[PDB]
Amino acid sequence: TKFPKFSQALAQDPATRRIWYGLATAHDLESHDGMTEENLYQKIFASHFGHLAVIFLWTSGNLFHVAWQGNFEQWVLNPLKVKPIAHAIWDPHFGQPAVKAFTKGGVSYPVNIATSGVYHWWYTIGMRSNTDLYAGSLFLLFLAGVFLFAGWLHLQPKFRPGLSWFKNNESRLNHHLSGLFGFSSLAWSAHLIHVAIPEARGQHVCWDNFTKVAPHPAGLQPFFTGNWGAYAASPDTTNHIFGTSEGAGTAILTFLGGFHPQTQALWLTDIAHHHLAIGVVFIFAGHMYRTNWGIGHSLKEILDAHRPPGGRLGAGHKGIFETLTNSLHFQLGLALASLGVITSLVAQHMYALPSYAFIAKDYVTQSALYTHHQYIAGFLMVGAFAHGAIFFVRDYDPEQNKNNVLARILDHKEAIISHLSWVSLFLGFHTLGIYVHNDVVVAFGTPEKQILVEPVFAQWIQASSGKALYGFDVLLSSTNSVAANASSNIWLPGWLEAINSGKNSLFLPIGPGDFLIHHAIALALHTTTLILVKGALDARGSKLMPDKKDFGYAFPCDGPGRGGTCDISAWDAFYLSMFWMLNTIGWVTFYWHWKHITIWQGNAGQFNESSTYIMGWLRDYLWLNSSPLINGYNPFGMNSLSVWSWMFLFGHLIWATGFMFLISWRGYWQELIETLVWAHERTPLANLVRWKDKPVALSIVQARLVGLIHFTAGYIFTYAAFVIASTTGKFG
Amino acid sequence: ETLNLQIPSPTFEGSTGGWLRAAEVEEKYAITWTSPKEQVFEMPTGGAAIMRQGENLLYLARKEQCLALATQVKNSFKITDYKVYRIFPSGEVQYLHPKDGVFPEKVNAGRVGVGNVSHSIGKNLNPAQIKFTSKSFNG
Amino acid sequence: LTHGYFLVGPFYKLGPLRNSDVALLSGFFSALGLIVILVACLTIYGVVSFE
Amino acid sequence: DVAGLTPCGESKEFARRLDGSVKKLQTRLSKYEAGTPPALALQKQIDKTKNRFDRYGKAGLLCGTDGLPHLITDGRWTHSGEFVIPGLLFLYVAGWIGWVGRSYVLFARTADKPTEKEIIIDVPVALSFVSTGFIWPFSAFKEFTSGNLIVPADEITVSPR
Amino acid sequence: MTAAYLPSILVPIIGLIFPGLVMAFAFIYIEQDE
Amino acid sequence: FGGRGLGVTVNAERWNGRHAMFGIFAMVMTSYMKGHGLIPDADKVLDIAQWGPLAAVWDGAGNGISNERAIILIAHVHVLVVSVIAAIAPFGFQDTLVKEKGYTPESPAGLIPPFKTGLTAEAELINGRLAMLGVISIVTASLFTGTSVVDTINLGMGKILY
Amino acid sequence: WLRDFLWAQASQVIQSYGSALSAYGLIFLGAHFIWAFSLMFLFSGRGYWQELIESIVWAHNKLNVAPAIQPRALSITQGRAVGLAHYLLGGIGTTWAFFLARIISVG
Ligand code: CLA
Ligand code: CLA
Ligand code: CLA
Ligand code: CLA
Ligand code: CLA
Ligand SMILES: CC1=CCCC(C)(C)[C@H]1/C=C/C(C)=C/C=C/C(C)=C/C=C/C=C(C)/C=C/C=C(C)/C=C/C1=C(C)CCCC1(C)C
Ligand SMILES: CC1=CCCC(C)(C)[C@H]1/C=C/C(C)=C/C=C/C(C)=C/C=C/C=C(C)/C=C/C=C(C)/C=C/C1=C(C)CCCC1(C)C
Ligand SMILES: CC1=C(C/C=C(\C)CCC[C@H](C)CCC[C@H](C)CCCC(C)C)C(=O)c2ccccc2C1=O
């Protein structure tokens, strides 16, 4: 009767709904009883420090478990042959065949083999021994403690920040651009130049010697003379064996481009020069805003003055400053949309341009990292649109936003939504129709009749960056071009070697199957956007429910009247778009993984011929690659893919269990539960035990969430088991 | 006015759909009505019972259970003589329906309007306006 | 006395260590562990249910 | 040629596609006697397969490394018969259907009971309308400019937001 | 492995005692009224 | 929770005192016990074939718990079952771990309880505070100096145990 | 059941293309499609589709091509019935195609 102490409406509920709803509304601090704005921003600040610490404890845990139980020192000796160990297994349910089957990695105990790539990342950035992985784990435990104490400290009465501090947009932007983005990128260049570059070249540099070991033989004298090009002189040779002194140069900043020939990763001197460039740029960008000394920009002044004189945007951005600052949901939506695009950039640029030594030969790690970050990307992008819907319901004031960009977006909400409906339908009808055309014609024994459309626009883009496969002779592909001549002395020789060589995932060859799947991804991104945009724009009202704002973000329905109002809330369009997010990241990761496993065999033509129809995707990707995974255990034994073999079935179960919450709805279950309440009260020896909370069926919104969680968890666990076990079992 | 606890009840052979421990520990509802006949009706909680000629008394676990029987008795047997009471475990009897002797669908003097909003529904305040202030969204 | 007496048998006969010579000791310990979990359940029910 | 593709008439992979596709049917024909109805049917299938590959070879289509025809749809006029010209034929028929249906819903609004005209179609009038579609680009553009296609924003029901 | 005893000591504690105890306490806290 | 004698209370101080005096006894007793080799087959590694996967340890040699460690654990399990039975079903006279919600918390002892030479509560609390501190002293001494806890117990008492 | 029954015996439907059993491969894929398409009607509710139809009705009103029989999202019961009908058709058609290509090839 007092668990949701933040909610008296839930704390007086006599049912089991109180526990569920108190657990599910716990982090929605804005909705808590008697919540002021001061207390809202100060609890968010302290709980952001708790998230900071959880991240640091998670990273310290990965470092500790690899330092303790991993084979990092064995792996760094021979990184292409040794399989990295994540942590050991102590499971009292194992049989002795299971214990023997997981005893890989060169150790004497069962282990999980790491798919996270942390070995390649820690190898590349300098770590050599278990002592420094452990030292990193210790330092992160200290930092986690520092940020937990900071979270407690900024909850103390003298140390409580005011709302004037929390909304100082200019000082926060100045410091996050110049200190958090820029100076830490500059400090990361210092780590590469001072530690990672020398230790990639055999010379150990630690805290014990880094003030008496110069990164460059000349040493901070060329920098303080303008002779900066002396830091690019004598780069690492193509004969360099990573981690050793043979083939090593003395340069610490280069723009060679392409990849280190042995590790098949970006040059660490390119990465050090990248973070130096991006650091200075971000530091300069962090001097943009006026704080205390009269130079800089006021964000209010910039936003108010950007109204085009033609009047096409109305009042423009007048009043957008206040809306953004006052609305934490508008900020969360901008932050999550921005972050979601970046983790999609992270997934796309880390497989094509890997930075870590001897990764991109760890095919399981490449598949897991790409799949992981694309799923994180889809979650962040859907959440951005969710919090835009929450912004419109909760924080958007139409009077304060008269004729703005925001009001005028709502004014044409139907033009936006109907054109997203058109483009979704357009793409879906044709992409599916071309795929079905191809399936029917191939089935009828006539593969030639297939509508195979070359991806010429993308091929032109590849050629424009120097791919010579398509013979476009555009820009970099043409030897005598202004673009080619300009970059010839700096990054083009390495880039042309990297792009033209077929040993890397840089600008991988694209054909008709690639075109069709890209259009499928376009239908998926447009359809998820349609559902999310329809939810955000119709969040505050619709013809079916004009006063939808008055009911909130997440409500079940408005009842069976007016024809029926199931899934009418903006939350329910989040709910419906979550399936479309899962479907699109499914199409993306299925495409990435199938194209890569076919290239990794040396059989890229198998994707080229089978991806243009859907039975090729069914038999040649899902059915063909299932066999190492589903044979992880059988009546003839088991091997170390048994865990993924069990997880794959576990994902199928959770996913299907989600269907129970999504297909079967409340009234059936409340009528079951009332017969169980009768039976418990009428059973002798059992009616001595009484519930404190009346058993009720799950709510309409709660069951939609429970089915969505089960569907999503089943989706993730099934695909993670498949993408890891098929790649591990195949090794290619 | 008060519930006469001695009113005889309709002939029901019992059912499992009746009231549970919350009726004897939280609240119970009773419905009384006068019938001109010895006639069979359907229980809200199950099968069929026979209402006796004269005055009948029922014990249900919900007010909707009472009002469901009230509608069945008014549409099929034309009884308009139904009084719905909420009986606390303390023994307090609370008269409920019709609350002032006249049905809610008929106007009655001395009824004060509760929940009435002076404007139409499209003039409700936006949630941003009522955020971080105690002011209500109905204007 | 009733419940503890019959709990030992399923753990002993059908447990992981059933084929071992320590099957009865494992079954008793498993029964005892289940008794401790159940007695914790009885304790927590008593704390919350009854004023 | 275009996009590193080869014309289908000189690609060896298209030729081995045709040869394999004819061998599959010839081994099905090898189990039947000459004048029998299955053999006659199979031979006509072989003739159709050869005609398809012969026509595709001389059509200017470009084959891939897989020996299947690929469509170039970037707008170039040497390949306009694969998307730009079939697309113009589509847009003419699609705009025909759209103009004809729009004309019929505007007719049906001016009826005594408008909704019976949409479940029981006035077939002579609807056939008058299906004949109207052959000059839909001009009819629809004159409709657009004469203020009869687009209704103003203040004549359309919208949600309160 | 060094400290090989710790997985045998902690994994049953973290995996059985920790949930049991925190579930028991969570149950007491959610059910309690004052 | 706190209103039942749990937390930083004198009831908890007394109970942890009792457990630390018993623990100092048990540490001294196991030091004497394995110094003379009176634990049978102390080095013998238990086989997973008899005991199952709970016996696995992952120490590079043997891959199993030793018999000594299992025997000390079984001694602890004996007194844990006594502990649970005493916690849930105490004696009529015994002090109870969880005091009734409405109880009178005993006054805090202070810096030093009054000295009574008999079997008194004050003597129990003094010895208990000393033993809890003693547990910390031995655990830190062994940790700091890189010696087995059994060995530092033996060293403190002048090797009387062994 | 996953490996030795569904995966092992679905070999014939997946590899049926270019043969006389290619219709079963097409119905196998088509029924997987119909089954999945059913879940659009099963996991969603009418109110989403009516507000989406409102935006589409706006686009029709803008071109003066609104129908006189006002488009509605299907009823709540009909959304359930359409989802169940497509689910049964998709599942049974998947099993129908799988069973028939498997046993025509091997039996
Ligand atoms: C230089 C000064 C400075 C610095 C360093 C910070 C730093 C920070 N502040 Mg800020 N802050 C400052 C001044 C500063 N503050 C001032 C002056 C004010 C008052 C006006 C504030 C007011 C303020 C508020 C109100 C809040 C913060 C918060 C935060 C934290 C952000 C959370 C996080 O982890 O992001 C870390 C972000 C990065 C490391 C950069 C992101 C990198 C981008 C996204 C992509 C780069 C990818 C790159 C390859 C990384 C690869 C990693 C590796 C695995 C490959 C962060 C620690 C928030 C917080 O969490 O509270 C603790 C918060 O709520 N600050
Ligand atoms: C295979 C599964 C599947 C398929 C095909 C679809 C298809 C579609 N969904 Mg649905 N959806 C699904 C699963 C599926 N969904 C699931 C599981 C969920 C989670 C609940 C959703 C949730 C969802 C939402 C919330 C939304 C969609 C939307 C869409 C549309 C997006 C593509 C588009 O706009 O045009 C593509 C059109 C097609 C693919 C239709 C196929 C064309 C047909 C088959 C022609 C065949 C004619 C033939 C003769 C019929 C024979 C019948 C016989 C009895 C005579 C389309 C109708 C969005 C929408 O309506 O945007 C406009 C939208 O808002 N879907
Ligand atoms: C011929 C009549 C007609 C016309 C002119 C339009 C016009 C339009 N519709 Mg379509 N629509 C129609 C019928 C029609 N609709 C019907 C019957 C349905 C139910 C299936 C829909 C469902 C529909 C959806 C779901 C969407 C549109 C959209 C659109 C707009 C974009 C154009 C487009 O891509 O069409 C697309 C057309 C379809 C997807 C369905 C085509 C339906 C058939 C082919 C037409 C029916 C022929 C009709 C029976 C003719 C009978 C007349 C005869 C008696 C003389 C535009 C306002 C889109 C929009 O709002 O974007 C701005 C959109 O998302 N419409
Ligand atoms: C947060 C990251 C994290 C994660 C997921 C794990 C995961 C695991 N650890 Mg732990 N561990 C971590 C960090 C982490 N470790 C750190 C930083 C240390 C250094 C002190 C250790 C030291 C450690 C030891 C010594 C042992 C494990 C063991 C294990 C395994 C069994 C669980 C167990 O007995 O835990 C016991 C873990 C601890 C007592 C240390 C606490 C772990 C972190 C710091 C807690 C952080 C919690 C998280 C941030 C948020 C909690 C709330 C959450 C429920 C929402 C399991 C693989 C056992 C093992 O390897 O068996 C194979 C084992 O014996 N861990
Ligand atoms: C995540 C951690 C975890 C761990 C470490 C264990 C540990 C164990 N499980 Mg597993 N189990 C778990 C989770 C876990 N379980 C979950 C989540 C489930 C549900 C899916 C199961 C379901 C399960 C089954 C169905 C069985 C086991 C069995 C076993 C035992 C291994 C077999 C053996 O050697 O028998 C020797 C085992 C013993 C001698 C039993 C020792 C009894 C302990 C020591 C008493 C502990 C007292 C108790 C925890 C008090 C807690 C009170 C509460 C407040 C915490 C071992 C005790 C088997 C078993 O019970 O063994 C008989 C068995 O049949 N487990
Ligand atoms: C989700 C969550 C909830 C609320 C909000 C939140 C706070 C922000 C967030 C954070 C959660 C977080 C950050 C949770 C963090 C949880 C953590 C860090 C748990 C760590 C546990 C470590 C243990 C139990 C080790 C004990 C070691 C011992 C006893 C060794 C002792 C010893 C040995 C043998 C050797 C030395 C001597 C002695 C002393 C004898
Ligand atoms: C719903 C909602 C309600 C209101 C609040 C809200 C939260 C804000 C909102 C959410 C909105 C959301 C969730 C919005 C999400 C918005 C997103 C994801 C926008 C993506 C923008 C990407 C751009 C502009 C890429 C540009 C690349 C370029 C120009 C590359 C150029 C090039 C370069 C340099 C290199 C290559 C060559 C070329 C190609 C020339
Ligand atoms: C897509 C969808 C709609 C919209 C679907 C509509 C409006 C159906 C319209 C489809 C076109 C207009 C006709 C369908 C014709 C098909 C090509 C074949 C139909 C075969 C029989 C109808 C004869 C709902 O109304 C709905 C309601 C409740 C739960 C889920 C949903 C749901 O998922």
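Counting neighbours? That spans all protein chains shown, and the Cβs are built from the backbone with ideal geometry, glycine included. Since every read-out is calculated from the coordinates, none of them should be taken as a lab result.
Cβ-Cβ contacts under 8 Å between residues 6 or more apart (or on different chains), taken from a first residue in region D:47-69 that is without any contact (Cβ under 8 Å) to a residue 12 or more places away in the chain to a second residue that is surrounded by fewer than 19 Cβ atoms within 10 Å (Cβ to Cβ), are listed as D:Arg52/A:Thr446; D:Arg52/A:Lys449. Scanning region A:406-426 for residues that are within 24 Å of A:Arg307 (Cα to Cα) and within 14 Å of ligand 2 (Cβ to nearest atom) yields a count of 2.
Scanning region E:11-34 for residues that are surrounded by 14 or more Cβ atoms within 10 Å (Cβ to Cβ) and farther than 26 Å from F:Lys101 by Cβ, we see that the one that is farthest from ligand 2 (Cβ to nearest atom) is E:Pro12.
Does F:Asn154 satisfy the criteria of being touching a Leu at 6+ places or on another chain (Cβ under 8 Å), in a helix (DSSP H, G or I) and at negative phi? In short, yes.
Hey, can you tell me all the residues within region A:665-705 that are facing another protein chain (nearest Cβ under 10 Å), in a loop (DSSP other than H, G, I, E, B) and among the β-branched types (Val, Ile, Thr)? Scanning region A:665-705 gives a single hit, A:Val689.
Selection of region A:349-371 for residues being farther than 17 Å from A:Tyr119 by Cα, surrounded by fewer than 23 Cβ atoms within 10 Å (Cβ to Cβ) and in contact (Cβ under 8 Å) with a residue 12 or more places away in the chain yields A:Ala352, A:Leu353. Among residues of region A:434-448 that are more than 7 Å from chain G (Cβ to nearest Cβ), those with a Cβ under 6 angstrom from a residue that is buried (at least 19 other Cβ atoms within 10 Å of the Cβ) and part of a helix (DSSP H, G or I), sequence gap 6+ or separate chain, pair up as A:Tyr435/A:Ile614. No other residue among G:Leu100, G:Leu88, G:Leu6 is out of contact with any helix residue (DSSP H, G or I) (no Cβ under 7 Å at 6 or more places or on another chain), aliphatic (A, V, I, L, M) and more than 11 Å from every other protein chain (Cβ to nearest Cβ) apart from G:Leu88. Considered as a group, the residues in region G:49-68 that are more than 7 Å from chain A (Cβ to nearest Cβ) and closer than 14 Å to A:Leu544 by Cα include one that is surrounded by the most Cβ atoms within 10 Å (Cβ to Cβ), and that residue is G:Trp49.
Within region A:564-607, the set of residues being buried (at least 22 other Cβ atoms within 10 Å of the Cβ), within 16 Å of ligand 8 (Cβ to nearest atom), in contact (Cβ under 8 Å) with a residue 12 or more places away in the chain and of a type outside the set (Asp, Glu) comprises A:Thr565, A:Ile568, A:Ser569, A:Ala573, A:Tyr575, A:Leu576, A:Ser577, A:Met578, A:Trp580. Residues that are farther than 22 Å from B:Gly122 by Cβ and either more than 29 Å from the chain's Cα centre (by Cα) or away from ligand 7 (no atom under 16 Å from the Cβ) (or both) within region A:537-574 comprise A:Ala554, A:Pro556, A:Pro560, A:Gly564, A:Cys566, A:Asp567, listed in sequence order. Summed over region D:99-124, the residues that are more than 8 Å from chain G (Cβ to nearest Cβ) and either surrounded by 15 or more Cβ atoms within 10 Å (Cβ to Cβ) or assigned to a loop (DSSP other than H, G, I, E, B) (or both) give a count of 12. The condition (being of a type in the set (D, E, K, R), within 14 Å of chain A (Cβ to nearest Cβ) and surrounded by fewer than 16 Cβ atoms within 10 Å (Cβ to Cβ)) is satisfied by just one residue among F:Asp59, F:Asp41, F:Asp47: F:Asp47.
The single condition from (1) crowded, with 20+ Cβ neighbours inside 10 Å; (2) of a type in the set (S, T, N, Q); (3) more than 10 Å from chain G (Cβ to nearest Cβ) that A:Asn500 fails is (1).
Quick check on my filter: what residues within region F:96-113 are surrounded by 12 or more Cβ atoms within 10 Å (Cβ to Cβ) and more than 20 Å from F:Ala86 (Cβ to Cβ)? It would help to see each step written out before you state the result.
The initial filter retains those residues of region F:96-113 that are surrounded by 12 or more Cβ atoms within 10 Å (Cβ to Cβ), namely F:96-99, F:103, F:105-106, F:108-109, F:113.
Across region F:96-113, the qualifying residues are F:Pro105, F:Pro108, F:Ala109, F:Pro113.
Consider A:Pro560 carefully, then state whether it is farther than 30 Å from G:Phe5 by Cβ, touching a residue at least 24 places away in the same chain (Cβ under 8 Å) and within 11 Å of chain G (Cβ to nearest Cβ). When the stated conditions are applied, A:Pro560 does not pass them. Flag not set for A:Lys402, criterion: away from ligand 5 (no atom under 16 Å from the Cβ), of a type in the set (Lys, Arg) and more than 30 Å from D:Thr157 (Cβ to Cβ).
Would you kindly identify the helices (runs of 4 or more DSSP H) lying entirely within region A:75-186 that contain at least 1 residues that are away from every other protein chain (no Cβ under 14 Å), surrounded by 14 or more Cβ atoms within 10 Å (Cβ to Cβ) and among the β-branched types (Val, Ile, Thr)?
Passing ranges, in order: A:118-124, A:130-153.
Can you run down the residue pairs with Cβ atoms below 6 Å, 6 or more apart or on separate chains, where the first is in region D:123-142 and in contact (Cβ under 8 Å) with a residue 40 or more places away in the chain and the partner is surrounded by 14 or more Cβ atoms within 10 Å (Cβ to Cβ)? Note: pairs meeting the criteria are D:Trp136/D:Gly95; D:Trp136/D:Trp96; D:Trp136/D:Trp99; D:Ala140/D:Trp99. Looking across region A:397-426, the residues that are without any contact (Cβ under 8 Å) to a residue 40 or more places away in the chain and more than 16 Å from ligand 8 (Cβ to nearest atom) come down to A:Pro398, A:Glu399, A:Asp411, A:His412, A:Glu414, A:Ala415, A:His419, A:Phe426.
None of A:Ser627, A:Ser645, A:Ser664 is small (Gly, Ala, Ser) and touching a strand residue (DSSP E or B) at 6+ places or on another chain (Cβ under 8 Å) except A:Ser645.
At least 2 residues being touching a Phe, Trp or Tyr at 6+ places or on another chain (Cβ under 7 Å) is the threshold, and among the helices (runs of 4 or more DSSP H) wholly inside region G:8-75 those reaching it are G:11-14, G:22-43. All of (1) more than 24 Å from A:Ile673 (Cβ to Cβ); (2) exposed (fewer than 12 other Cβ atoms within 10 Å of the Cβ); (3) hydroxyl-bearing (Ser, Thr, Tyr) hold for B:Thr16 with one exception: (1). Among the residues of region A:1-10, just one is out of contact with any helix residue (DSSP H, G or I) (no Cβ under 7 Å at 6 or more places or on another chain) and surrounded by 14 or more Cβ atoms within 10 Å (Cβ to Cβ), namely A:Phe6.
Within region A:63-82, the residues that satisfy the criterion of being free of Cβ contacts under 8 Å to residues at least 60 places away in the same chain and within 9 Å of ligand 4 (Cβ to nearest atom) are A:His65, A:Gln69. Taken together, the residues in region D:75-94 that are out of contact with any strand residue (DSSP E or B) (no Cβ under 6 Å at 6 or more places or on another chain) and crowded, with 16+ Cβ neighbours inside 10 Å amount to 2.
Here A:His430 meets the list (1) of a type outside the set (S, T, N, Q); (2) within 30 Å of the chain's Cα centre (by Cα); (3) not in a helix (DSSP H, G or I) almost entirely, failing just condition (3).
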